[PDB]
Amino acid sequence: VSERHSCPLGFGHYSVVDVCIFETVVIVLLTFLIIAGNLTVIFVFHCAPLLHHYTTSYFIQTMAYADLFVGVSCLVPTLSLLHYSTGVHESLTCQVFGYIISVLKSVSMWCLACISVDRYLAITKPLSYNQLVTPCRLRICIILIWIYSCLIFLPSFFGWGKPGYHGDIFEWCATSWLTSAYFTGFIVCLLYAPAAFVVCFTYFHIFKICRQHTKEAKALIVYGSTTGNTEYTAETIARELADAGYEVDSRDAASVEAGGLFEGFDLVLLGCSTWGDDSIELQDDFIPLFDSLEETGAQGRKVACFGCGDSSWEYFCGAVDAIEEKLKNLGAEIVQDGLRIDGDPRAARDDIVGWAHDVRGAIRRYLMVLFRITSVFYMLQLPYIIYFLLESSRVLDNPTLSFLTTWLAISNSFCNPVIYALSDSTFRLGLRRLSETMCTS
């Protein structure tokens, strides 16, 4: 009774009464990050209006909740171990804890596989996508991900063996519960191999697709200019995109009608200077376009904004703030922070050309964020999967590796939110405007 085993990170011992304190603390500090990051993504998506890619946001929000639940699920037994151990074998507790974490990691994994297929359909069949990827079908997909995730780890309760190392924070799970080559083989067949195959196969086809060989894409530039500064900025941006192979249609706001103005454009750049003696006022030719902006076809449009102003005014390039706020509220995708020119734009020509270089990545930006999140997710999990396969097969047994690969796999519940939050301009625009109101209180 009360035999001792050395801790995985090399210092101390654990038993039915002794706890590895250093190992418990580094788990607790990671759960704090997972909880904070996922609550921030959930808050900003809902409270700040985050309306572009409504459909794909079903999977991103399901992942943020599954990741919040990983953080809390891990914080509860680790805090409880820091306070005391029961002095007995926690057979059911570690079995139940290990099941929950496995189910939640499966949910995130199947959400990324569905995001890759969602993007494959939006790219190859944008009109079919609009009319056939509906909220009802998105809810059925998420219900099936939860049920299927619960079903594949169900055998861990019926004598098939240990489904992972997550519960090895409990002495009985680490020493007395064994993995099985047959159960690991089952998990790899029903979860790891199929989910990884869907993402790899799907992103392989996404990265091969070319719909336009005559042009990169077609961009509309609409500008409001009273003394010619925003016109010059517009003309400099138009020539940078034309040289890069875009079909560029640049039009003075004075000469345009709002009705269906953005229809047929992959990218729309709205240029407007700020005027008004006393208030913030949009350049005169732009006011009628702003007033009728709900008629332009802005919902799901990729838009970026530019304008000239002067920072002695309290609303520096306020026309740009006002146009971005309305486009966000109309469910446009702000693909890039606005270009806000102080003074003569001829003296800021490098800032203009650099901005125009960045917008060249705007049409593929959202897809590339979802690709980076998918690839970081699988890379952080790969050491765990390799350890699982080799230890289930009895090629090696290394508690230090078991510990480090499991910590790193839990850490993808913090990387998903941090990458998404920092890579979306609409989100960082939702994050800052919500946080400016939460900075006062």
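One-based numbering along the sequence shown.
Participant: May I ask you to compare 170-178 and 286-294 by their mean CA B factor in the entry and name the higher one?
Facilitator: For C-alpha atoms only, the mean B-factor is higher in 286-294.
Participant: Per the PDB record, is the mean Cα temperature factor higher over 44-52 or over 381-389?
Facilitator: Comparing 381-389 with 44-52, the higher average CA B-factor belongs to 44-52.
Participant: According to the deposited entry, which of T184, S312, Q131, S273 has the largest Cα B-factor?
Facilitator: Comparing C-alpha B-factors across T184, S312, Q131, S273, the maximum falls on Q131.
Participant: Just the C-alpha B-factor column, please: which of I352, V103, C210, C111 has the biggest number?
Facilitator: The C-alpha B-factor peaks, among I352, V103, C210, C111, at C210.
Participant: Lowest, middle or highest third: where is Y192 by Cα B-factor in its chain?
Facilitator: Its C-alpha B-factor belongs to the middle third of this chain's values.
Participant: Grab the CA temperature factor for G161 from the record and place it in the lowest, middle or highest third of its chain.
Facilitator: Middle third.
Participant: Ranked by Cα temperature factor within the chain, is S279 in the lowest third, the middle third or the highest third?
Facilitator: It belongs to the highest third of the chain when residues are ordered by C-alpha B-factor.
Participant: Taking the entry's C-alpha B-factors for this chain, is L82 in the lowest, middle or highest third?
Facilitator: Highest third.
Participant: Comparing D243 with the other modelled residues of its chain, is its CA B-factor in the lowest, middle or highest third?
Facilitator: It falls in the top third of the chain.
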